[PDB]
Amino acid sequence: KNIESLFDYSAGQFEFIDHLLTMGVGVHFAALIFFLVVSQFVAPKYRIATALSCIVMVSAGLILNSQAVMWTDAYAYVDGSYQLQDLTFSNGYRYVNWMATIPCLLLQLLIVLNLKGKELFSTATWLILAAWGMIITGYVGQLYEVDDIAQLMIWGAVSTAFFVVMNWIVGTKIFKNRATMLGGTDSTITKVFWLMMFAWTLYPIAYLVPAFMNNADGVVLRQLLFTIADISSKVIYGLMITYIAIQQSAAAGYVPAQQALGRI
Ligand SMILES: *C\C=C(C)/C=C/C=C(C)/C=C/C1=C(C)CCCC1(C)C
Ligand SMILES: CCCCCCCC/C=C\CCCCCCCC(=O)O
Ligand SMILES: CCCCCCCC/C=C\CCCCCCCC(=O)O
Ligand SMILES: [Cl-]
Ligand SMILES: [Cl-]
């Protein structure tokens, strides 16, 4: 049902996808340890933001590790190339977590934006329904990434509609709550928004490879496209969200944040 199952892979393509995925686990899980140790320097009101990154980290990494083992389970070197065996590989598992890490990333965004109470809950609900819409329509579309390209685009189209609306909610909330943010992070939060827009656009592009490059190299380009999109939407966005939390913590009087920031 997926383009990965259509081709045999050179040893170079197979080894490179395996190393991509394994490199991914390493980063997600090495970042994991960073978000853990620095959480003590984050004020109570922001510490959930760092913790959500830990959840994102382990959510992504467990998936990535699962994909790497499934990659090696599904193919074997036969007659000079890596060929599909009795198990299959697919990316659909990667949408399911997206269902999960995105609430979390939106939520740590909203926390450092100093949203609170009912506006936090009402904003989070709308975002999660809209991010969820993007993901699930997108997921139905790549189900047809072999059998029905026309239904690829239409679902991709529907998902893309959801995408635009979420980034409208996210954008509106950043620029209206820019003013509440402490220690100069009002300048920082706008870079975050643009960082997010870059790596979140990488995924549709990845989604569309079967339509414009339906061959084994396009299978590689996806997994490459996925790796950058993830490193940036999870790991780098995490780190940036964390610097904001610590900086606002220091500006709010949290002495462990003032000391950690001063230590460097
Ligand atoms: C792991 C974290 C994040 C933020 C991943 C996000 C994924 C997307 C923004 C992908 C969206 C899609 C679009 C807009 C249209 C086709 C279907 C996709 C799911 C690939
Ligand atoms: C900031 C995002 C970081 C992404 C790091 C991804 C690592 C990949 C680096 C470049 C790969 C270039 C090597 C070419 C692959 C050879 C493909 C083949 O064997 O046919
Ligand atoms: C298993 C994969 C092989 C590579 C091993 C993992 C290497 C991890 C590489 C560097 C991690 C960089 C992520 C940032 C760590 C937090 C500290 C910081 O940069 O602020
Ligand atoms: Cl506090
Ligand atoms: Cl994830």
Side-chain angles (χ1 to χ4, degrees), residues 7-51 53-54 56-58 60-69 71-72 75 77 81-82 111-117 120 180-183 185 188 195-196 198-203 205-206 209 213 215-258 260-261 263-264:
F7 318 102
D8 313 320
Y9 298 96
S10 75
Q13 292 163 330
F14 179 87
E15 292 195 321
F16 178 61
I17 291 164
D18 190 56
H19 294 344
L20 272 178
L21 288 179
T22 306
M23 194 199 101
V25 177
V27 180
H28 280 85
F29 270 95
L32 182 70
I33 301 298
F34 175 61
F35 284 136
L36 178 67
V37 174
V38 299
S39 80
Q40 85 199 274
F41 308 120
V42 178
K45 64 178 73 174
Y46 298 122
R47 211 173 284 151
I48 191 64
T50 305
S53 298
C54 307
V56 172
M57 279 319 105
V58 67
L62 297 187
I63 298 289
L64 300 154
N65 186 60
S66 184
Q67 301 283 109
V69 191
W71 181 244
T72 58
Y75 295 76
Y77 194 74
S81 88
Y82 280 96
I111 296 300
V112 296
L113 268 190
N114 302 303
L115 299 182
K116 75 173 301 201
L120 169 58
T180 72
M181 290 183 76
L182 304 179
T185 60
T188 304
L195 160 74
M196 309 147 70
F198 176 77
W200 287 43
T201 317
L202 302 182
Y203 295 104
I205 300 170
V209 170
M213 185 187 306
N215 53 47
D217 284 327
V219 163
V220 169
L221 164 70
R222 288 177 62 185
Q223 303 302 315
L224 190 63
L225 271 180
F226 284 159
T227 309
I228 296 95
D230 300 342
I231 295 167
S232 300
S233 81
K234 294 178 173 63
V235 184
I236 291 169
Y237 171 68
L239 280 152
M240 290 214 66
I241 295 295
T242 292
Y243 162 83
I244 300 188
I246 286 185
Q247 188 63 65
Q248 289 201 91
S249 297
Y254 196 57
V255 165
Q258 287 167 344
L261 264 189
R263 193 183 301 115
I264 61 170

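All values below come from the heavy atoms of this structure, side chains included, with hydrogens, waters and symmetry mates left out. First listed ligand is number 1; within each ligand, the first listed atom is number 1. FYI, the numbering just counts along the sequence from 1.
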**Asked** For ligand 3, is there an atom lying under 4.0 Å from some heavy atom of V27?
**Response**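 Under 4.0 Å: no for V27.
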
Pairwise side-chain contact, [X] with [Y], heavy-atom cut-off 4.5 Å (strictly under):
X	Y	answer
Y237	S53	no
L202	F226	no
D230	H28	yes
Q13	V219	no
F41	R263	yes
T242	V38	yes

**Prompt:** Does atom 16 (C) of ligand 2 have a protein non-hydrogen atom under 4.0 Å from it?
**Reply:**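 Answer no: nothing from the protein, no heavy atom, is under 4.0 Å.
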
**Request:** Using a strict 4.0 Å cut-off to heavy atoms of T22, name the atoms of ligand 3 that fall inside it.
**Result:**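 So the atoms of ligand 3 that pass are 1 (C), 2 (C).
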
Nearest protein heavy-atom contact for [atom]: which residue, which atom, what distance?
atom	answer
atom 11 (C) of ligand 3	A30 CB, 4.4 Å
atom 1 (C) of ligand 2	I231 CG2, 4.5 Å
atom 7 (C) of ligand 2	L20 CD2, 4.3 Å
atom 13 (C) of ligand 2	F16 CE1, 4.6 Å
atom 5 (C) of ligand 2	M23 CE, 4.1 Å
atom 20 (O) of ligand 2	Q13 CG, 4.3 Å
atom 8 (C) of ligand 2	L224 CD1, 4.0 Å

**Request:** Give a yes/no on ligand 2: does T227 have at least one heavy atom closer than 4.0 angstrom to it?
**Result:**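 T227: no contact with ligand 2 (<4.0 Å).
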
**Asked** What do the steps show when you test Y203 against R222 for side chain to side chain donor-acceptor pair (under 3.5 Å), and what is the final call?
**Response** CA-CA 9 Å; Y203 295 104; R222 288 177 62 185; over 6 Å; no

**Prompt:** Is there a donor-acceptor pair under 3.5 Å between the side chain of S232 and the backbone N or O of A229?
**Reply:**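 Checking the backbone N and O of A229 against the side chain of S232, no donor-acceptor pair under 3.5 Å is found.
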
**Item:** The one among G26, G24, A68 that brings a heavy atom closest to atom 2 (C) of ligand 3
**Value:**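 Among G26, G24, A68, the closest heavy atom to atom 2 (C) of ligand 3 comes from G26.
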
**Prompt:** Under 4.0 Å from any heavy atom of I228, which atoms of ligand 2 are there?
**Reply:**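 Atoms satisfying the 4.0 Å criterion: 2 (C), 4 (C).
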
**Message:** Given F14, which partner from the list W71, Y9, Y77 fulfils the ring-ring contact (aromatic ring centres under 6.0 Å, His included) test?
**Reply:**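 Output: one option passes, namely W71.
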
**Item:** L239 and ligand 3 - part of the residue with a heavy-atom distance under 4.0 Å
**Value:**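 The answer is the side chain.
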
